């Protein structure tokens, strides 16, 4: 059960999350919970760790800059992190908030949440499941999501590569800064294409 990892039932979690998140963001999280379960089953990952990580991955989405900045100091994280924003922080720093609120201590789940936005050059199968599930969950409809879904039906590594390539391309297209760990992920996975 979820209580094996956090300090409340799935039902009570959803109630807590309904406070913290707009509906669309909660619906998304429920989408990722389902998508992560299906991927985990296909690629030999613990379906329960995947489901929970997937539901939790955007938990800290709506924390404010101030809190993140507080969390960076409190936990004495990489000081470079202050140079970035919500996109980077919600996973990379947001894990500390999850840990505070829900008493989550499982290292594999925490890591999968941590790098769900930017990945890493080395990713566990659980990390990849969350990273991909986030992208392909049934509520998303961005052009090319169908291709991501097909790829993910066949290869977890190739789905990581495709998603990462598309994010880097889109961020450069938009003129947005790109977190250097994202490029670590890109270069590590791009051969899979």
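Residue numbers count along the first chain shown, from 1.
Looking at mean Cα B-factors across 86 to 94 and 73 to 81, the upper value is held by 73 to 81. In this crystal structure, the stretch out of 60 to 68 and 144 to 152 whose C-alpha atoms carry the higher mean B factor is 60 to 68.
Per the PDB record, residue ranking by Cα B-factor puts residue 41 in the highest third of the chain. Among the modelled residues of the chain, residue 187 sits in the lowest third by CA temperature factor in this PDB entry.
Among the modelled residues of its chain, residue 105 has a C-alpha B-factor that falls in the highest third, as given in the PDB entry.
In the deposited entry, the Cα temperature factor of residue 16 sits in the top third of values across the chain's modelled residues.
Sorting the modelled residues of the chain by their CA temperature factor places residue 173 in the lowest third.
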